[PDB]
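K.L.:
Dropping a structure here in structure tokens format, bear with me for questions.
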Amino acid sequence: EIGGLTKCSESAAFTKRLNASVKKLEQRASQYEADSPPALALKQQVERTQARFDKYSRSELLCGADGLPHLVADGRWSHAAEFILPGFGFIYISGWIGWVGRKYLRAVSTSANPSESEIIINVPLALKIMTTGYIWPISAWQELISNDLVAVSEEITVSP
Amino acid sequence: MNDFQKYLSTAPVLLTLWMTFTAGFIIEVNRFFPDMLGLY
Amino acid sequence: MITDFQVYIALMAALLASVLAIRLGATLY
Amino acid sequence: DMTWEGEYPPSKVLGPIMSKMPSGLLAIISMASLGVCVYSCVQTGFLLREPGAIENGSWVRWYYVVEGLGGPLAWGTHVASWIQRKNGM
Amino acid sequence: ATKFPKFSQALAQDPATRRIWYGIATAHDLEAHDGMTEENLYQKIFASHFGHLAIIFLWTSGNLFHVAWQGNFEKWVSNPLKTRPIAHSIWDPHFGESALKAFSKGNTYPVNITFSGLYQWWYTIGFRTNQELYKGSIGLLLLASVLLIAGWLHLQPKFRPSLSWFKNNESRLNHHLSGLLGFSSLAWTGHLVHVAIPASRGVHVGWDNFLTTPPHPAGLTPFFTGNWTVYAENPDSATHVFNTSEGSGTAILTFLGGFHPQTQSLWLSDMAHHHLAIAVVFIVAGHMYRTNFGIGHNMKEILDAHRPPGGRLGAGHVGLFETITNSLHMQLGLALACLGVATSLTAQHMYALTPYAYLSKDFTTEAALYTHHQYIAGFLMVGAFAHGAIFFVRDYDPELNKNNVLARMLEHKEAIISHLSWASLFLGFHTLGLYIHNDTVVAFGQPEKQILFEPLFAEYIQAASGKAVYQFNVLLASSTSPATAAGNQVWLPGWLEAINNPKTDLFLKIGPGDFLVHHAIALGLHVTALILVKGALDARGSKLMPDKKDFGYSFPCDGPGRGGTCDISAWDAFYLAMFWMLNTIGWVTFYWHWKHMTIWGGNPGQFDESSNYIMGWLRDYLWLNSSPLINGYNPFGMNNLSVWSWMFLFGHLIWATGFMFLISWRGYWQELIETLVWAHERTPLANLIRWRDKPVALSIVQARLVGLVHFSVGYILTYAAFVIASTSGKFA
Amino acid sequence: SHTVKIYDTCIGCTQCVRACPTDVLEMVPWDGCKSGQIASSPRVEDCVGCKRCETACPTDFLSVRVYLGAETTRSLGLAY
Amino acid sequence: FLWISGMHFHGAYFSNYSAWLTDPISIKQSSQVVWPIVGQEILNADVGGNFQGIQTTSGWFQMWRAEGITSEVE
Amino acid sequence: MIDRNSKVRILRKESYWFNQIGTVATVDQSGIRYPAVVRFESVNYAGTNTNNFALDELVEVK
Amino acid sequence: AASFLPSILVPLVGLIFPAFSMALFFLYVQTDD
Amino acid sequence: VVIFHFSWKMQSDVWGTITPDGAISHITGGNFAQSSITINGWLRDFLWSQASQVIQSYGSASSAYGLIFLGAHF
Ligand code: CLA
Ligand code: CLA
Ligand code: CLA
Ligand code: CLA
Ligand code: CLA
Ligand SMILES: CC(=O)O[C@H]1CC(C)(C)C(=C=C/C(C)=C/C=C/C(C)=C/C=C/C=C(C)/C=C\C=C(/C)C(=O)C[C@@]23O[C@]2(C)C[C@@H](O)CC3(C)C)[C@](C)(O)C1
Ligand SMILES: CC(=O)O[C@H]1CC(C)(C)C(=C=C/C(C)=C/C=C\C(C)=C/C=C\C=C(C)\C=C\C=C(/C)C(=O)C[C@@]23O[C@]2(C)C[C@@H](O)CC3(C)C)[C@](C)(O)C1
Ligand SMILES: CC1=C(/C=C/C(C)=C/C=C/C(C)=C/C=C/C=C(C)/C=C/C=C(C)/C=C/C2=C(C)CCCC2(C)C)C(C)(C)CCC1
Ligand SMILES: CC1=C(C/C=C(\C)CCC[C@H](C)CCC[C@H](C)CCCC(C)C)C(=O)c2ccccc2C1=O
Ligand code: SF4
Ligand code: SF4
């Protein structure tokens, strides 16, 4: 496989880890008894453990010799779920936040008191501006090609 | 009321509320969709 | 095995370096 | 002195000899030089890839080594031809 | 002046102790001395260089002498893998009988074991007897004396070189490239062919028989005839035992590739060929500049003509020629930078392509050398940026460099600084974040939820050169690749063996753990650079102090006003960057040591699994490998590691003492000193004695320097003890 | 000891001369400003380098600049 | 006052005081319990008395015993 | 042109408000070295919002 | 014998030399040419 | 320094277990007398040795302390 790794579904170390983990919890549960609230909790915990390992097994994750999942991020779409797809999520959300923030600052900049509106936010306006960020990619590009995003050497600079 | 709303509109207060909401929703997502290291 | 004479010869050489070093230092001063 | 402005450098930058050479001649030389370099590489490649018989580094030939130096010269000559052309000579 | 700082009236007329402190630290800034002309400056610097050279040679002479007079080189030569090399003897009147026995273990007298690698180097280059080492030391002592004479001679009235001589760039470069580097390499290949290689094969060639012992049976006939292939025939067999004729060959110049099977080091024949080739390249390159013979290039013209036609780089490099020739600081900066890169390369390539015999088997020495050169590299790098800033403040001419490539750099300074900042932030947040994620999940008992990225890009590069474990069938790792076909009959055979041997440091195997540490090192370089680069660009002025250039490279501050201007000088950037430099180098050195430690110990897995989270480093590296060191001396006795143990604690003290100067500032101390003065003047008997230099507190900048030095010395000393005691205590 | 220089951007606010802890600055007649006064540094031998003067200047960039230099008993504020 | 109130409440609804009271030598004092989110449950130790929680070290149990609390209603 | 209530861009490199816009308050006509008095909406590192500049250091923006 | 040199030189280099050097520096920095 | 003195002295010369008969086994074994007289002793017989718990707390209910130990250093 890529990098000499092995699929986790076919890695013995991965399975050994699972068995060991469950055993530890079960050994603890033995002390408590029957429907004792402590025992029921530990029992539920083993279920989650079994589920986690199963999910990873059914996945396309590749494990190493230690039996631990290793992520691939070279651009291959075979393992896009590991980095590329989640990556888009971050970019979309982050841009949303940044775009809306810039919009609000510029909007309140022309108000009676531009500094009071930064310490005491105008919630009504903020909410409106915040909702308009879902199309930030389009808006940003449009602003760039309209020479409204990047300024032109009319900004303060150092002495040298 | 108006004045109280202004206090509730102060930066510190709004941050706390927003972050509490954000933290909560993240926690809730993990409660119902737990243990994820990738989009499956 | 480095003989005593050999060691003594080395020491003599070092002395020359020392005296020539003082001069260079005093010339740079 | 060598400072220049515009879209093409002056001929003085090409040295004391090439600054007087015609653009076409330089072009001919450039193409020829590149050819020699490429030929040398291809031929040497066969030597390196021939079974045995290259022990003790027999694959290195004086002629091919000299020929391979045409490649860098090819670059210089082709650049110079352009400069001469723009300069009008 | 008529006081201690003869070169400064200002300091000389000072009524306090500052006169003494500053005079010592401003002694080598010859450019700022009272009444200094450019000619004198150059002349004095030239002479000072002769002195430095002499010191270096005296140092080398001492090592040879002490090894020869108090060492075990000859015994080591006989049994290299079973003898511990001796540096020098020990005569400390404070030692107790027990200590005399402990440090005298394995020998008959108290001694220090060397971790400098001199034995391996000398063994490889040809030295076999103590008498030989002695001759070398004596010769170097003589050379040192000659250099001292030169310094005096060129300061005399009729031998002082002119300022023009000092600025003839073409001749110096030609000479230095062709002679200092080129011919010297040719001379070295001569030594290797005449003395070293014969010794490796059991033959003794010295000053007694070198003129009658031909290096090769054929003679110089093949060379002049053109049949050079003869010198590469009959390479030493794979069964050759070093320092003996069993399985020896006759080849003197070859391109085998790889390592000698028995010594696990690069073949000597290959090194000889290497230096021969390098020689020709440099000798040819030294014929590029005009030097009173008509032919050649004029550097000024070359620089001036290089302006991209598009205008993207402004006026190009016009004006830089004069700036460099008339600025010693820029020259020094360029030099220090290049040397810094070289030092790092030496460290990186010397542990992979082992050059000396049986050096790989000496774990402690190998560890010391790497940490040594990497730390030196850091200091050299920081100095380069420092002198670059000094240049801008002192030697930069805004008018000469109009729209030059250099000036335009100072025009988009904000862009550079801001973007470097972003890079640092990105690397910092995610690297730390991922480490903490891995720590938390592991702590909660769920290691399967760790985010571990495989270093695929690096693995690919390793495969490209022939590594096969990663299974990336590419380039040299592919039998059908055109590249493999090319060198399969030249140097690949030997290389592909070493690269694919697990018991060598050639392209060590990498895993998810290496990914993270590499990104941490990246953070260090970027952040250290930010501090240094900002200091340089914002050295001639800023928004807070638009007139910084008129105050200099180093000034205390600009007052408590305009918000507060502490640490606003460029010198302070160096001060701040030093800490980051140490941190980054520390990370780099820790990584090398732990990785190798686990490999040497036979458990590579420990690093592979525990390096993913921070606790692993603290518990499985620092805590676990500190046991030998902290037990150098205990309530039950002591061993040879006692000196190393003591130094470890000593380092901690100096480091912490530094904190006092860094956190506590002058005001408090000055007031306290005043009270002490009152006491001395009012206490009978002591009143008889009085000072001639008013006692005052250390200055703002002085304290910063003192503190940085204490911090640095402690930092280096403590790690030095650990790297040595831990490695030696466990594997030696 | 230290060097104090006054520049043409002065406005004769007198704030600097009212802040000096050692009477180094004075207000002298001048015609370049509306106030008709400019600051001078007649007694720099008593400057301690406090820079309080600079902190008081109202001009965009200080019209009064103190450049620290040679140190004497007076400049080092030594009562002993 | 709110602080003290919380401590007593947490000792009434999230503690093993009753069990500890019966066997003070064996059972370990605990008055804080973590929610079962994200494997943080590991922090809930097997203190004793059929109870799992964080072992507190403020000394509340001892004080309450000296006062004579006995019950969790109090 | 520099005049009361006019808006100008500072051209003094040492100014905190270089390449920024300010409003000319009053221009003195008595021959003082720096006649114009410009006011800015942002405080400098010292906390001031005004400074006097010469006419050449100011370019009218409109 | 050269072997005795360690016990004859070290006392001088580490004690006598440093002392005289420090004394000279003091006299040099405390003098007003 | 004061709190460290308390911790080592007690664990070495007071705290511990005693058998039905008179056999006192202190937690650290009485190392304070001959080890606390040197700085190396404090670094080895106290900080290095008594820190084995935090560093090896991962995977247990005491894992929180390990994380906090690291966080505090940061
Ligand atoms: C052939 C004649 C010749 C030779 C041998 C030298 C030799 C020297 N000159 Mg020099 N000089 C010459 C002619 C010559 N000069 C002429 C004609 C002039 C007048 C124009 C001068 C003017 C001059 C001045 C003004 C000064 C010198 C100095 C020096 C000394 C430099 C210090 C030293 O020892 O470093 C030698 C160091 C080495 C041999 C080690 C080199 C290590 C490098 C890093 C190797 C790099 C290899 C490779 C590139 C790395 C690859 C990796 C890379 C990509 C990172 C050196 C002894 C300096 C000095 O100290 O004077 C006392 C000095 O200040 N020279
Ligand atoms: C070839 C290398 C080289 C050369 C020739 C110079 C030359 C120079 N540098 Mg420079 N520098 C270098 C490398 C070099 N540097 C490097 C590598 C760095 C990075 C650290 C710097 C950083 C640097 C700074 C930051 C400054 C200089 C300055 C100077 C100038 C004055 C130096 C001075 O006053 O020292 C006088 C003599 C001393 C300071 C004595 C040094 C005592 C040291 C600090 C303490 C010794 C260590 C300690 C005692 C060890 C004891 C430990 C023990 C207990 C075990 C001079 C032109 C200064 C300047 O203004 O130039 C314009 C300046 O401010 N340099
Ligand atoms: C442990 C000690 C420590 C740490 C962590 C830092 C951290 C930092 N230093 Mg620093 N520094 C230190 C000691 C330290 N310093 C010392 C001792 C000195 C004296 C020499 C300096 C001198 C120094 C200089 C001179 C400079 C820095 C700079 C920086 C920053 C570099 C950019 C970076 O890493 O961004 C990432 C930063 C961090 C990861 C640290 C903060 C992390 C917090 C906890 C946030 C974590 C968020 C997390 C990922 C999750 C976020 C989402 C969440 C809200 C839901 C960073 C904030 C540079 C700077 O200003 O940055 C551009 C700079 O120029 N430092
Ligand atoms: C010193 C006081 C103190 C402290 C530190 C704690 C701490 C704790 N209690 Mg506890 N408690 C206390 C007093 C205290 N309690 C008192 C006095 C009572 C009696 C009413 C209780 C009753 C109680 C119960 C019944 C429970 C706890 C639980 C808990 C744990 C979870 C806390 C929680 O709800 O997290 C989550 C936090 C929240 C859900 C609150 C939401 C966050 C808010 C919205 C942020 C604040 C908004 C901000 C102030 C806006 C400002 C507006 C402006 C006007 C000021 C935690 C260890 C729980 C527990 O252990 O379960 C196992 C639990 O079930 N406690
Ligand atoms: C290389 C330098 C060096 C050398 C050779 C010594 C040697 C010695 N030290 Mg020592 N020491 C040094 C550096 C050195 N020290 C430093 C740097 C420190 C500071 C940390 C100390 C702190 C130190 C302490 C605290 C003590 C010693 C003691 C001793 C003595 C123990 C052996 C013995 O028989 O004692 C028995 C003593 C004798 C047999 C007497 C020997 C005759 C004396 C030394 C004659 C001295 C006359 C001398 C010429 C005067 C100097 C003149 C001046 C111009 C230099 C021994 C003579 C111990 C001692 O007893 O001191 C004498 C002691 O208590 N040392
Ligand atoms: C009118 C007339 O008469 O002609 C006309 C008509 C005609 C003919 C169509 C025209 C033309 C001519 C043209 C277009 C001519 C040339 C264009 C050209 C020639 C463009 C690039 C060469 C680049 C090279 C060689 C790059 C690198 C060479 C490199 C990078 C090397 O490293 C060489 C190498 O050596 C090293 C250092 C080591 C060696 O051991 C081996 C190798 C190989 C690795 C003109 C211009 O219209 C004029
Ligand atoms: C940027 C840069 O670096 O450019 C540099 C590159 C470089 C190379 C340094 C330069 C140079 C100098 C020159 C002139 C380089 C060119 C060529 C070079 C390298 C050297 C010259 C002649 C060699 C000859 C004549 C061969 C003798 C060889 C002879 C006579 C033989 O073949 C003997 C032999 O035949 C027998 C009798 C029988 C055969 O069985 C065995 C062989 C075949 C071996 C440049 C071009 O100036 C600038
Ligand atoms: C401050 C300043 C200064 C300084 C600067 C500096 C310090 C810089 C540095 C810089 C640096 C430090 C740089 C570096 C660089 C690097 C590089 C440039 C690299 C490259 C690479 C390449 C080109 C490639 C290679 C290769 C080959 C050959 C083949 C394939 C593979 C590879 C990768 C390997 C001065 C004084 C001047 C003055 C001004 C200012
Ligand atoms: C302790 C301390 C001092 C006082 C430290 C002093 C005075 C050091 C005094 C001892 C040193 C070792 C000098 C003693 C030199 C001897 C008297 C011998 C001198 C001989 C001459 C010929 C050199 C400061 O002046 C200071 C200033 C600014 C920030 C922090 C601090 C600070 O922390
Ligand atoms: S160094 Fe002193 S005067 Fe300058 S800003 Fe800092 S505290 Fe104020
Ligand atoms: S620095 Fe201090 S003493 Fe000097 S002029 Fe200003 S206020 Fe007066």
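K.L.:
If you go through the stretch F:26-35 one residue at a time, do you hit one that is of a type outside the set (S, T, N, Q), under 11 Å from the mean Cα position of the chain (by Cα) and buried (at least 19 other Cβ atoms within 10 Å of the Cβ)?
P.N.:
no
K.L.:
Of the residues E:419, E:430, only one is farther than 30 Å from residue G:34 by Cα and either more than 16 Å from ligand 6 (Cβ to nearest atom) or among the β-branched types (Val, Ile, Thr) (or both); which?
P.N.:
E:419
K.L.:
All but one of (1) within 15 Å of ligand 3 (Cβ to nearest atom); (2) out of contact with any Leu (no Cβ under 7 Å at 6 or more places or on another chain); (3) within 14 Å of chain F (Cβ to nearest Cβ); (4) not charged (D, E, K, R) hold for residue E:568, so report the exception by its number.
P.N.:
(2)
K.L.:
Another question, then. Does any residue in the stretch E:272-288 that is over 21 Å from residue E:355 (Cβ atoms) and away from every other protein chain (no Cβ under 14 Å) come within less than 8 Å, Cβ to Cβ, of a residue that is hydroxyl-bearing (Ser, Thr, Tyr) and away from ligand 10 (no atom under 16 Å from the Cβ) six or more places away or on a different chain, and which pairs are these?
P.N.:
As it stands, the answer is E:283/E:178; E:286/E:178; E:287/E:178, since those pairs meet every condition given.
K.L.:
Is it fair to say residue H:23 is within 19 Å of residue F:10 (Cβ to Cβ) and among the hydroxyl-bearing types (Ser, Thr, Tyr)? Working first, answer last.
P.N.:
Values: within 19 Å of residue F:10 (Cβ to Cβ): no; among the hydroxyl-bearing types (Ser, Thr, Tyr): yes.
Here the answer is no, as residue H:23 does not meet what is asked.
K.L.:
Quick one: in the stretch E:623-644, which of the residues that are aliphatic (A, V, I, L, M) and more than 10 Å from every other protein chain (Cβ to nearest Cβ) is farthest from residue E:454 (Cα to Cα)?
P.N.:
It comes out as E:638.
K.L.:
Is at least one residue of the stretch F:53-72 away from every other protein chain (no Cβ under 12 Å), farther than 30 Å from residue E:676 by Cβ and either β-branched (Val, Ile, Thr) or not in a strand (DSSP E or B) (or both)?
P.N.:
no
K.L.:
Taking the stretch D:11-32 as the search range and keeping residues that are crowded, with 17+ Cβ neighbours inside 10 Å and closer than 17 Å to residue E:304 by Cβ, which one is farthest from the other protein chains (Cβ to nearest Cβ)?
P.N.:
Among those residues, the one meeting the criterion is D:11.
K.L.:
Taking into account only those residues within the stretch D:39-74 that are over 30 Å from residue E:252 (Cβ atoms) and free of Cβ contacts under 8 Å to residues at least 12 places away in the same chain, which is farthest from ligand 2 (Cβ to nearest atom)?
P.N.:
The residue in question is D:42.
K.L.:
Residue G:47: surrounded by 14 or more Cβ atoms within 10 Å (Cβ to Cβ) and over 12 Å from the mean Cα position of the chain (by Cα), yes or no?
P.N.:
So residue G:47 fails the test.
K.L.:
Applying the selection to the stretch E:421-466, what residues are more than 14 Å from chain G (Cβ to nearest Cβ), free of Cβ contacts under 8 Å to residues at least 60 places away in the same chain and outside any helix (DSSP H, G or I)?
P.N.:
E:451, E:465, E:466
K.L.:
Of E:551, E:507, which residue is within 14 Å of chain F (Cβ to nearest Cβ) and of a type in the set (A, V, I, L, M, F, W, C)? Full working, then the answer.
P.N.:
Values: E:507 fails: within 14 Å of chain F (Cβ to nearest Cβ).
Going through E:551, E:507 in turn, the sole match is E:551.
K.L.:
I'd like to check something: does the stretch D:62-70 contain any residue that is within 30 Å of residue E:404 (Cβ to Cβ), of a type outside the set (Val, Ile, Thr) and more than 17 Å from the chain's Cα centre (by Cα)? Step through it out loud before you land on a result.
P.N.:
To start, the set of residues in the stretch D:62-70 that are within 30 Å of residue E:404 (Cβ to Cβ) comprises none.
Among the residues of the stretch D:62-70, not one is within 30 Å of residue E:404 (Cβ to Cβ), of a type outside the set (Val, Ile, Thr) and more than 17 Å from the chain's Cα centre (by Cα), which makes the answer no.
K.L.:
Moving on. Can you tell me how many residues in the stretch E:26-83 are facing another protein chain (nearest Cβ under 10 Å), surrounded by fewer than 19 Cβ atoms within 10 Å (Cβ to Cβ) and hydroxyl-bearing (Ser, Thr, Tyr)?
P.N.:
1
K.L.:
Taking into account only those residues within the stretch G:10-24 that are over 10 Å from the mean Cα position of the chain (by Cα) and not acidic (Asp, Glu), which is nearest to ligand 5 (Cβ to nearest atom)? Before the answer, list the steps.
P.N.:
The initial filter retains those residues of the stretch G:10-24 that are over 10 Å from the mean Cα position of the chain (by Cα), namely G:21-24.
Cutting the leftovers down to not acidic (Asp, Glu) gives us G:21-22, G:24.
On the way: G:21: 62, G:22: 64, G:24: 56 Å.
Restricting to residues being over 10 Å from the mean Cα position of the chain (by Cα) and not acidic (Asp, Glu), the top hit is G:24.
K.L.:
Shifting gears a bit: Please verify whether the stretch E:128-143 includes one or more residues that are more than 14 Å from every other protein chain (Cβ to nearest Cβ) and surrounded by 15 or more Cβ atoms within 10 Å (Cβ to Cβ).
P.N.:
Yes, that holds for at least one residue.
K.L.:
So which helices (runs of 4 or more DSSP H) stay within the stretch J:19-74 end to end and still have 1 or more residues that are surrounded by fewer than 17 Cβ atoms within 10 Å (Cβ to Cβ) and within 14 Å of chain G (Cβ to nearest Cβ)? Break it down stepwise before answering.
P.N.:
Details: elements: J:32-35, J:52-55, J:63-73.
Correct list: J:52-55, J:63-73.
K.L.:
May I pose another question? Tell me, please, whether a residue that is touching a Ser or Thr at 6+ places or on another chain (Cβ under 6 Å) and in a loop (DSSP other than H, G, I, E, B) can be found in the stretch E:620-633.
P.N.:
Yes, the stretch E:620-633 contains a residue that is touching a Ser or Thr at 6+ places or on another chain (Cβ under 6 Å) and in a loop (DSSP other than H, G, I, E, B).
K.L.:
Same structure, new question: Just to check your reading of the model, which residue among D:76, D:68 is away from chain E (no Cβ under 13 Å), away from ligand 8 (no atom under 16 Å from the Cβ) and closer than 28 Å to residue E:225 by Cβ?
P.N.:
Just a single option satisfies the conditions, and that option is D:68.
K.L.:
Of the residues that sit in the stretch A:126-145 and are part of a helix (DSSP H, G or I) and aromatic (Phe, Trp, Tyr), which one is surrounded by the most Cβ atoms within 10 Å (Cβ to Cβ)?
P.N.:
A:136
K.L.:
Can you tell me which residue in the stretch A:54-77 is farthest from residue E:612 (Cα to Cα), limited to those that are crowded, with 19+ Cβ neighbours inside 10 Å and within 11 Å of chain B (Cβ to nearest Cβ)? Let's see the steps before the verdict.
P.N.:
Taking the stretch A:54-77 and keeping what is crowded, with 19+ Cβ neighbours inside 10 Å, we get A:56, A:59, A:61-64, A:66-72.
Filter again for within 11 Å of chain B (Cβ to nearest Cβ), leaving A:56, A:59, A:61, A:68-72.
Values: A:56: 20, A:59: 22, A:61: 18, A:68: 11, A:69: 12, A:70: 11, A:71: 13, A:72: 16 Å.
Checked the stretch A:54-77; the qualifying residue farthest from residue E:612 (Cα to Cα) is A:59.
Values in this text are rule-based calculations from the coordinates and carry no lab data. Ideal geometry is used to build each Cβ from the backbone, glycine not excepted, and the neighbour counts take in all protein chains shown.
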